[PDB]
Structures are given as C-alpha cells and as structure tokens.
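Shown below: run-v9.txt, with compact mmCIF, C-alpha atoms.
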# COMPACT_ATOMS: atom_id res chain seq x y z
CA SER A 1 95.61 -6.81 85.31
CA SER A 2 96.16 -9.61 87.82
CA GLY A 3 97.29 -7.85 91.00
CA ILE A 4 96.05 -8.57 94.49
CA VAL A 5 93.85 -5.50 94.47
CA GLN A 6 92.21 -6.65 91.27
CA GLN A 7 91.75 -10.18 92.50
CA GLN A 8 90.05 -8.94 95.68
CA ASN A 9 87.59 -6.94 93.59
CA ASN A 10 86.83 -10.04 91.54
CA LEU A 11 86.33 -12.20 94.65
CA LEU A 12 83.75 -9.66 95.79
CA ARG A 13 81.85 -9.90 92.50
CA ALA A 14 81.87 -13.69 92.89
CA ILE A 15 80.57 -13.39 96.48
CA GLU A 16 77.73 -11.14 95.37
CA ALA A 17 76.87 -13.41 92.43
CA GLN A 18 76.62 -16.38 94.81
CA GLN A 19 74.61 -14.19 97.21
CA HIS A 20 72.02 -13.63 94.48
CA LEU A 21 72.01 -17.37 93.80
CA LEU A 22 71.33 -18.13 97.46
CA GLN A 23 68.30 -15.81 97.50
CA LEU A 24 66.98 -17.53 94.35
CA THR A 25 67.31 -20.98 95.93
CA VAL A 26 65.61 -19.70 99.09
CA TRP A 27 62.73 -18.44 96.97
CA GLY A 28 62.37 -21.86 95.37
CA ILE A 29 62.37 -23.74 98.68
CA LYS A 30 59.67 -21.40 100.06
CA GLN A 31 57.48 -21.95 96.98
CA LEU A 32 57.74 -25.72 97.41
CA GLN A 33 57.30 -25.58 101.18
CA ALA A 34 54.15 -23.44 100.87
CA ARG A 35 52.61 -25.97 98.47
CA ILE A 36 53.48 -29.05 100.54
CA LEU A 37 53.17 -27.89 104.14
CA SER A 38 51.12 -24.71 104.57
CA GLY A 39 51.99 -23.47 108.05
CA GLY A 40 55.41 -23.54 109.67
CA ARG A 41 55.22 -26.78 111.70
CA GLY A 42 58.39 -28.85 111.97
CA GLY A 43 60.76 -25.92 112.24
CA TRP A 44 60.09 -23.89 109.10
CA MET A 45 59.36 -20.89 111.27
CA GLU A 46 62.79 -20.82 112.87
CA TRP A 47 64.18 -21.57 109.40
CA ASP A 48 62.56 -18.46 107.89
CA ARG A 49 64.00 -16.47 110.79
CA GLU A 50 67.57 -17.74 110.45
CA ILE A 51 67.55 -17.21 106.70
CA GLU A 52 66.36 -13.58 106.91
CA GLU A 53 68.94 -12.77 109.60
CA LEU A 54 71.80 -14.35 107.62
CA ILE A 55 70.71 -12.64 104.39
CA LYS A 56 70.88 -9.25 106.15
CA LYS A 57 74.23 -10.12 107.76
CA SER A 58 75.65 -11.12 104.37
CA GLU A 59 74.44 -8.18 102.35
CA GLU A 60 75.71 -5.81 105.08
CA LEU A 61 79.21 -7.29 104.87
CA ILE A 62 79.19 -7.00 101.08
CA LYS A 63 78.15 -3.33 101.29
CA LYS A 64 80.97 -2.70 103.78
CA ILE A 65 83.61 -4.34 101.56
CA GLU A 66 82.36 -2.30 98.60
CA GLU A 67 82.88 0.79 100.78
CA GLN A 68 86.43 -0.19 101.78
CA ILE A 69 87.43 -0.59 98.13
CA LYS A 70 85.98 2.77 97.09
CA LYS A 71 87.55 4.43 100.13
CA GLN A 72 90.92 4.44 98.33
CA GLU A 73 92.36 7.98 98.42
CA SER B 2 100.76 -17.59 105.51
CA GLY B 3 100.62 -14.27 103.68
CA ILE B 4 98.05 -12.40 101.57
CA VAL B 5 98.75 -14.43 98.41
CA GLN B 6 98.21 -17.83 100.02
CA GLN B 7 95.15 -16.58 101.92
CA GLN B 8 93.59 -15.38 98.66
CA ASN B 9 94.16 -18.79 97.05
CA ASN B 10 92.36 -20.40 99.99
CA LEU B 11 89.49 -17.89 99.78
CA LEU B 12 89.13 -18.90 96.13
CA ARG B 13 89.02 -22.60 97.11
CA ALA B 14 86.22 -21.86 99.58
CA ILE B 15 84.22 -19.92 96.99
CA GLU B 16 84.81 -22.70 94.46
CA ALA B 17 83.59 -25.32 96.94
CA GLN B 18 80.52 -23.19 97.68
CA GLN B 19 79.87 -22.83 93.95
CA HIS B 20 79.67 -26.62 93.64
CA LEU B 21 77.37 -26.76 96.68
CA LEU B 22 75.08 -24.20 95.05
CA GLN B 23 74.78 -26.16 91.82
CA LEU B 24 73.89 -29.24 93.87
CA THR B 25 71.14 -27.39 95.77
CA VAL B 26 69.75 -26.08 92.48
CA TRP B 27 69.60 -29.67 91.20
CA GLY B 28 67.72 -30.67 94.34
CA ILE B 29 65.16 -27.89 93.98
CA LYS B 30 64.60 -28.69 90.29
CA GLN B 31 64.02 -32.37 91.09
CA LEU B 32 61.47 -31.50 93.77
CA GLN B 33 59.75 -28.89 91.59
CA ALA B 34 59.39 -31.43 88.78
CA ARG B 35 57.61 -33.83 91.15
CA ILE B 36 55.22 -31.37 92.78
CA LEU B 37 54.47 -29.34 89.65
CA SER B 38 54.75 -30.48 86.06
CA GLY B 39 56.12 -27.74 83.83
CA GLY B 40 57.60 -24.30 84.26
CA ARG B 41 54.41 -22.46 85.21
CA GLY B 42 54.19 -20.30 88.34
CA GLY B 43 57.45 -18.38 87.94
CA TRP B 44 59.69 -21.41 87.51
CA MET B 45 60.50 -20.60 83.90
CA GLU B 46 62.00 -17.22 84.84
CA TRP B 47 63.61 -18.85 87.89
CA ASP B 48 65.42 -21.42 85.74
CA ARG B 49 66.74 -18.64 83.52
CA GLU B 50 67.84 -16.33 86.35
CA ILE B 51 69.61 -19.28 87.99
CA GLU B 52 71.56 -20.41 84.91
CA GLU B 53 72.61 -16.81 84.19
CA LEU B 54 74.09 -16.27 87.65
CA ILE B 55 75.69 -19.73 87.60
CA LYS B 56 77.67 -19.00 84.43
CA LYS B 57 78.55 -15.48 85.60
CA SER B 58 79.75 -16.89 88.92
CA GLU B 59 81.68 -19.63 87.13
CA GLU B 60 83.36 -17.08 84.85
CA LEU B 61 84.55 -14.87 87.70
CA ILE B 62 86.03 -17.87 89.54
CA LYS B 63 87.90 -19.01 86.42
CA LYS B 64 89.00 -15.39 85.94
CA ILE B 65 90.48 -15.09 89.46
CA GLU B 66 92.09 -18.51 89.03
CA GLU B 67 93.75 -17.13 85.91
CA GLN B 68 94.97 -13.92 87.58
CA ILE B 69 96.53 -16.03 90.34
CA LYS B 70 98.40 -18.09 87.76
CA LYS B 71 99.56 -15.13 85.67
CA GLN B 72 101.13 -13.56 88.78
CA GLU B 73 103.41 -16.60 89.06
CA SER C 2 90.72 -0.03 104.83
CA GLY C 3 93.51 -2.12 103.33
CA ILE C 4 93.77 -5.54 101.68
CA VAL C 5 94.23 -7.27 105.06
CA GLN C 6 91.02 -5.87 106.54
CA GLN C 7 89.18 -6.61 103.27
CA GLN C 8 90.23 -10.28 103.36
CA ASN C 9 88.83 -10.54 106.87
CA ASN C 10 85.49 -9.12 105.74
CA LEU C 11 85.50 -11.41 102.68
CA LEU C 12 85.97 -14.36 105.03
CA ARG C 13 83.00 -13.22 107.16
CA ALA C 14 80.88 -12.95 104.01
CA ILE C 15 81.92 -16.46 102.99
CA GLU C 16 81.18 -17.89 106.44
CA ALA C 17 77.74 -16.27 106.42
CA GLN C 18 77.08 -17.86 103.02
CA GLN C 19 78.32 -21.21 104.36
CA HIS C 20 75.63 -21.03 107.05
CA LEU C 21 73.02 -20.03 104.45
CA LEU C 22 73.97 -23.05 102.31
CA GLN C 23 73.67 -25.32 105.36
CA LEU C 24 70.17 -23.96 105.97
CA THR C 25 69.03 -24.47 102.35
CA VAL C 26 70.38 -28.04 102.32
CA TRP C 27 68.35 -28.60 105.49
CA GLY C 28 65.21 -27.31 103.79
CA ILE C 29 65.71 -29.38 100.64
CA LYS C 30 66.24 -32.50 102.79
CA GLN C 31 63.05 -31.81 104.75
CA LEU C 32 61.09 -31.51 101.55
CA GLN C 33 62.56 -34.59 99.92
CA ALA C 34 61.90 -36.69 103.03
CA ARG C 35 58.25 -35.63 103.03
CA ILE C 36 57.76 -36.32 99.33
CA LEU C 37 59.90 -39.39 98.74
CA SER C 38 60.53 -42.59 100.59
CA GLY C 39 64.04 -43.67 99.66
CA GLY C 40 67.27 -42.44 98.15
CA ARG C 41 66.28 -43.47 94.64
CA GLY C 42 66.78 -41.24 91.63
CA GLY C 43 70.12 -39.77 92.62
CA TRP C 44 69.32 -38.45 96.09
CA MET C 45 71.66 -41.03 97.62
CA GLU C 46 74.71 -39.58 95.82
CA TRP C 47 73.35 -36.09 96.32
CA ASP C 48 73.42 -36.56 100.10
CA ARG C 49 77.00 -37.87 100.07
CA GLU C 50 78.37 -35.19 97.74
CA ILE C 51 76.61 -32.48 99.73
CA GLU C 52 78.04 -33.63 103.07
CA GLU C 53 81.56 -33.90 101.63
CA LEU C 54 81.54 -30.41 100.12
CA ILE C 55 80.08 -28.95 103.32
CA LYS C 56 82.91 -30.46 105.40
CA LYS C 57 85.58 -29.42 102.90
CA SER C 58 84.54 -25.76 102.75
CA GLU C 59 84.13 -25.34 106.52
CA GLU C 60 87.57 -26.93 106.88
CA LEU C 61 89.02 -24.30 104.52
CA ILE C 62 87.10 -21.49 106.23
CA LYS C 63 88.30 -22.45 109.72
CA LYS C 64 91.84 -22.85 108.38
CA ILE C 65 91.91 -19.36 106.88
CA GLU C 66 90.67 -17.73 110.10
CA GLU C 67 93.51 -19.44 111.97
CA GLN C 68 96.16 -18.70 109.31
CA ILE C 69 95.25 -15.02 109.50
CA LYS C 70 95.44 -14.86 113.31
CA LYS C 71 98.82 -16.61 113.14
CA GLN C 72 99.94 -13.62 111.08
CA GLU C 73 98.99 -11.54 114.15

Produce structure tokens that represent the structure in this file.
Amino acid sequence: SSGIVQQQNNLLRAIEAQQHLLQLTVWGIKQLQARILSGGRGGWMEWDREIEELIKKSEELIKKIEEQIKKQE
Amino acid sequence: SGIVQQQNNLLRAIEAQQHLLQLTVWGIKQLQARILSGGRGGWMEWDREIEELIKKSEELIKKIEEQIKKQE
Amino acid sequence: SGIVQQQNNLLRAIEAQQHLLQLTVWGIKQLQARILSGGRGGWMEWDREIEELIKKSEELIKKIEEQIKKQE
C-alpha cells in the first residue's frame, strides 16, 4: 500500500491538515491583535489582505489536486 | 531527479513546515497566556482543535515516511 | 492529470503555505514586540529556530522547482 499514487494522496491529506492548522493560528493572532491594537495601524490591514488572498490561493490548489486524483479513468 | 526523489523532498518541506507550525502555536499560546489568563473566550476549544490537527498531521507524515521506506 | 502534474500543484500548495507561515510569524513577532521588552522566556531561541526552519524549507522548495524543470 506504499506506491507513488498512494503517497501522493497522503501528502495531500497532510497539506490539508496543515492548511486547517494555518487558519487556526490566523484566528488566534486576530483575536490577540484585536485586544491589543484595535484598528489596523502598523500594517495589520495589508496583513489581513495578504492572508485572505493566500488562503484562497491555497484552498483552490488543494481543490484542484483533489480533482486531478479523482479524474482517474 | 525523478518522481521518487522529488516526493522525498516534498516530504522534507512538509516536515519542516510542520515544525514551523508547532513553533507558531507555541508563540500564540505564550501571548494568549499573558493577555488573558485562562481558556475563556474560545481558547479552550482552540487548544483542542489545534492539538487534534497536530497529531493527525504528524501521523500522516510518519505514514508517508514509512511508505517511502517500505518501497526500498 | 498525472503524477507529474500533481507534484507541481503540490509544490504550489506548499509554497503558498510557506508564505502564509511567513505572514503568521510576522504577526506573532509584532505582537510580542508590543507586549514584551526583551527576548526573555524563550523568545530568543524561538526567533532563531523560526528563522532557521524558514530558510531550510524555502531552500528545499526552490530546489524542487529547479529539479523538476531540469527534468524538462
């Protein structure tokens, strides 16, 4: 059960697990930031922006890989 | 070069990023402890969601590592 | 798509997550600097470990992209 195909499927599951972890850490940072520094001064506004754009980019790629794997005919 | 060696390197990247993640979690927990005493405000659930995904992620990485070895 | 095209997409996913990790480390550092004065309490080693792991994984990521292109 250790072929390349299988390993690629497992790497994907690891990638998605870590993706979920990243969103959890982002949630935590926002909670702390909101309590310390209400308002986005010092670059937190561009930070929010970059995060949201990279989260979308990442979940899109994951979706696409999940589609490639299923696409097997 | 080749699919096998590229996969091993992908695993190394993911493993390095796993260690980075666990460091960032440590950082957040330290800060949260200082600003707010306790696990009120959602932090209890957060701690538990985090540790669940961490072990799951760790298991998959060890699993792939094993598959790579069994193939040799 | 095949294994080759999948690896390429996996790499892109990993590089996106590398940039995410860089952004979260930035946020944690901003917070720590505002709350705490020095590098006491483990933040000194945290900084060093973080920077090492960040360099190591982006080294691996850049290497893989190049290895793959060298396969043509």

Which residue gives the smallest distance to chain C among B:57, B:35, B:64, B:49, with only C-alpha atoms counted?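 Using only C-alpha atoms, chain C sits closest to B:35.
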
Report as a VMD selection string all protein, DNA and RNA residues lying within 10 Å of residue 31 in chain B, evaluated on all atoms listed in the file, omitting residues in the same chain fewer than 6 positions from it. (chain B and resid 25) or (chain C and resid 33 42 to 44)

Please identify all residues of chain C having at least one atom at most 7 Å from any atom of chain B, considering only C-alpha atoms, and return them as a ChimeraX atom specification. /C:26,29,33,51,54,58,61-62,65,68,72

Set the cut-off to 7 Å and count all atoms listed in the file: what are the residues of chain A that reach chain B? Output as number ranges by chain. A: 2, 7, 10, 14, 17-18, 21, 25, 28-29, 32

Hey, can you spit out that residue selection with C-alpha atoms as an mmCIF file, keeping the file's coordinate frame?
data_model
loop_
_atom_site.group_PDB
_atom_site.id
_atom_site.type_symbol
_atom_site.label_atom_id
_atom_site.label_comp_id
_atom_site.auth_asym_id
_atom_site.auth_seq_id
_atom_site.Cartn_x
_atom_site.Cartn_y
_atom_site.Cartn_z
ATOM 1 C CA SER A 2 96.160 -9.610 87.820
ATOM 2 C CA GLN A 7 91.750 -10.180 92.500
ATOM 3 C CA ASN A 10 86.830 -10.040 91.540
ATOM 4 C CA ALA A 14 81.870 -13.690 92.890
ATOM 5 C CA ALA A 17 76.870 -13.410 92.430
ATOM 6 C CA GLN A 18 76.620 -16.380 94.810
ATOM 7 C CA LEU A 21 72.010 -17.370 93.800
ATOM 8 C CA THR A 25 67.310 -20.980 95.930
ATOM 9 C CA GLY A 28 62.370 -21.860 95.370
ATOM 10 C CA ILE A 29 62.370 -23.740 98.680
ATOM 11 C CA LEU A 32 57.740 -25.720 97.410
#

Distance CA of residue 4 in chain A-CA of residue 9 in chain B, one decimal place?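 Answer for the CA of residue 4 in chain A to CA of residue 9 in chain B separation: 10.7 Å.
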
To one decimal place in Å, what is the distance between CA of residue 27 in chain A and CA of residue 45 in chain B? 13.4 Å

Just how far from CA of residue 56 in chain A is CA of residue 44 in chain A, in Å to one decimal? 18.4 Å

Quick one: residues within 12 Å of residue 43 in chain A, all atoms listed in the file counted, chain neighbours fewer than 2 positions away excluded, as a ChimeraX atom specification? /A:33,37,39-41,45-50 /C:24,27-28,31

Export C-alpha atoms of the chosen residues as a JSON list (two decimals), keeping the file's coordinate frame?
[["chain", "number", "residue", "atom", "x", "y", "z"],
["A", 33, "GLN", "CA", 57.30, -25.58, 101.18],
["A", 37, "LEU", "CA", 53.17, -27.89, 104.14],
["A", 39, "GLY", "CA", 51.99, -23.47, 108.05],
["A", 40, "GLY", "CA", 55.41, -23.54, 109.67],
["A", 41, "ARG", "CA", 55.22, -26.78, 111.70],
["A", 45, "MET", "CA", 59.36, -20.89, 111.27],
["A", 46, "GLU", "CA", 62.79, -20.82, 112.87],
["A", 47, "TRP", "CA", 64.18, -21.57, 109.40],
["A", 48, "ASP", "CA", 62.56, -18.46, 107.89],
["A", 49, "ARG", "CA", 64.00, -16.47, 110.79],
["A", 50, "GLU", "CA", 67.57, -17.74, 110.45],
["C", 24, "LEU", "CA", 70.17, -23.96, 105.97],
["C", 27, "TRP", "CA", 68.35, -28.60, 105.49],
["C", 28, "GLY", "CA", 65.21, -27.31, 103.79],
["C", 31, "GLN", "CA", 63.05, -31.81, 104.75]]
